[PDB]
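Here is how the chains run, residue by residue.
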Amino acid sequence: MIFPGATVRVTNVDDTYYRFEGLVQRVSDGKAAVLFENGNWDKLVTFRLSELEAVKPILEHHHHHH
(Lines give C-alpha, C1' and ligand atoms only; values in the text may rest on other atoms or scores of the structure.)
Protein backbone atom coordinates (compact mmCIF):
# COMPACT_ATOMS: atom_id res chain seq x y z
CA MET A 1 0.00 0.00 0.00
CA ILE A 2 1.15 3.52 -0.83
CA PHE A 3 -0.30 6.84 0.36
CA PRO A 4 0.28 10.60 -0.11
CA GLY A 5 3.28 11.33 2.06
CA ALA A 6 5.13 8.11 1.27
CA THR A 7 8.57 8.03 -0.31
CA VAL A 8 8.74 6.16 -3.62
CA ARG A 9 11.36 5.22 -6.19
CA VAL A 10 10.74 5.09 -9.94
CA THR A 11 11.51 1.59 -11.17
CA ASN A 12 10.60 2.21 -14.81
CA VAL A 13 13.84 1.74 -16.74
CA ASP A 14 12.68 3.73 -19.78
CA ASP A 15 12.03 6.86 -17.72
CA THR A 16 14.24 9.84 -16.91
CA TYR A 17 13.66 9.45 -13.17
CA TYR A 18 14.67 5.79 -13.07
CA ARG A 19 16.22 4.90 -9.69
CA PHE A 20 15.43 8.42 -8.48
CA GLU A 21 13.30 8.97 -5.39
CA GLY A 22 10.31 11.21 -4.93
CA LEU A 23 7.43 11.88 -2.58
CA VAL A 24 3.83 10.92 -3.35
CA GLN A 25 1.89 14.14 -3.04
CA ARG A 26 -1.51 12.82 -3.95
CA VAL A 27 -3.38 9.99 -5.61
CA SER A 28 -4.62 11.05 -9.03
CA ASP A 29 -7.28 8.80 -10.58
CA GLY A 30 -5.49 5.67 -9.45
CA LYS A 31 -2.05 7.08 -10.15
CA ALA A 32 0.41 8.74 -7.78
CA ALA A 33 1.77 12.26 -8.17
CA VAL A 34 5.47 12.04 -7.39
CA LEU A 35 7.27 15.19 -6.35
CA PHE A 36 10.99 15.49 -6.90
CA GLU A 37 12.74 18.15 -4.84
CA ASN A 38 16.38 19.28 -4.72
CA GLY A 39 16.17 22.29 -2.41
CA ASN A 40 14.66 24.69 -4.95
CA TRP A 41 14.37 22.71 -8.16
CA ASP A 42 11.29 20.54 -8.45
CA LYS A 43 8.99 18.80 -10.90
CA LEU A 44 5.79 17.02 -9.92
CA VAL A 45 5.25 14.04 -12.21
CA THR A 46 2.35 11.64 -11.88
CA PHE A 47 3.17 7.96 -12.34
CA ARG A 48 1.35 4.70 -11.77
CA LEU A 49 1.51 2.73 -8.54
CA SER A 50 2.85 -0.05 -10.70
CA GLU A 51 5.59 2.34 -11.77
CA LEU A 52 6.79 2.94 -8.23
CA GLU A 53 8.15 1.03 -5.26
CA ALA A 54 8.02 2.21 -1.66
CA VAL A 55 11.28 3.27 -0.06
CA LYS A 56 12.15 3.14 3.64
CA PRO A 57 11.38 6.16 5.88
CA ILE A 58 13.51 7.44 8.76
CA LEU A 59 14.50 4.83 11.31
CA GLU A 60 12.27 5.59 14.28
CA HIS A 61 12.36 3.39 17.35
CA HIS A 62 8.90 1.87 17.64
CA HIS A 63 7.95 0.09 20.86
CA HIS A 64 4.90 -1.26 22.66
CA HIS A 65 4.35 -3.04 25.96
CA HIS A 66 1.74 -5.04 27.82
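Here we summarise the structure given alongside this text. (Residues numbered from 1 in each chain as written, not as in the entry; some residues may be left out. Heavy atoms only, no water.)

## Regarding the overall build of the protein
Link 1 in the chain: Helix and strand content of the protein: 0 helices and 5 strands.
Link 2 in the chain: Helices (α) and strands (β) of the protein occur, in sequence order from the N terminus, as β-β-β-β-β.
Link 3 in the chain: Its C-alpha atoms give the protein a radius of gyration of 14 Å, clearly above 11 Å, the size a compact globule of 66 residues would have.
Link 4 in the chain: When its C-alpha atoms are laid out on the principal axes, the protein stretches across 50 × 30 × 20 Å.
Link 5 in the chain: Across the 66 residues that make up the protein, the buried fraction comes to 20%.
Link 6 in the chain: Accessible surface, the protein as shown: approximately 5700 Å² in total, 51% of it carbon and sulfur.
Link 7 in the chain: Charge-centre separation for the protein: the mean point of 7 positive side chains lies 2 Å from the mean point of 9 negative side chains. (Helix = DSSP H or I, 4+ residues; strand = E, 2+ residues; numbered from the N terminus. Rg over C-alpha atoms; globule rule 2.2 N^0.38 Å. Buried < 20%, exposed > 50% of the residue type's maximum accessible area, 1.4 Å probe, protein only. Areas by Shrake-Rupley, 256 points an atom, 1.4 Å probe, with all protein chains shown as cover. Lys, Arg positive; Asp, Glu negative; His and termini not counted. Charge placed at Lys NZ, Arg CZ, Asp CG, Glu CD.)

## So, the nonpolar core
Link 1 in the chain: Counting 10 residues, the largest nonpolar core is built from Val8, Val10, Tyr17, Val24, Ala32, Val34, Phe36, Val45, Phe47 and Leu52.
Link 2 in the chain: Among the secondary structure elements, those contributing two or more residues to this core are β1 (7-10), β3 (31-37) and β4 (42-48).
Link 3 in the chain: Of the residues forming this core, the biggest block, 3 residues, is contributed by β3.
Link 4 in the chain: Leaving out residues up to four positions away in the same chain, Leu52 has contacts with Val8, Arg9, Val10, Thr11, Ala32, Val34 and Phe47. (Core = buried A, V, L, I, M, F, W, Y, C linked by side-chain atoms within 4.5 Å. Contact = heavy atoms within 4.5 Å.)

## Observations concerning the sheet that holds strand β5 (residues 52-54)
Link 1 in the chain: Strand order in the open sheet made by the 5 strands is β4-β3-β2-β1-β5, with antiparallel pairing throughout. Each edge of the open sheet carries a strand with a single partner, namely β4 and β5. The sheet shows a mean angle of 45° between the axes of neighbouring strands, taken without regard to direction.
Link 2 in the chain: As judged from the 3 bridges shared by β1 and β5, these two strands associate in the antiparallel manner. (Pairing = 2+ DSSP bridges. Axes fitted to C-alpha atoms, helices over the stretch in contact; angles between N-to-C directions.)

## Notes on unusual backbone geometry
Link 1 in the chain: Despite not being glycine, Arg19 has its phi angle at roughly 80°, a positive value.
Link 2 in the chain: Note on placement: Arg19 falls in the loop between β1 and β2 (21-28).

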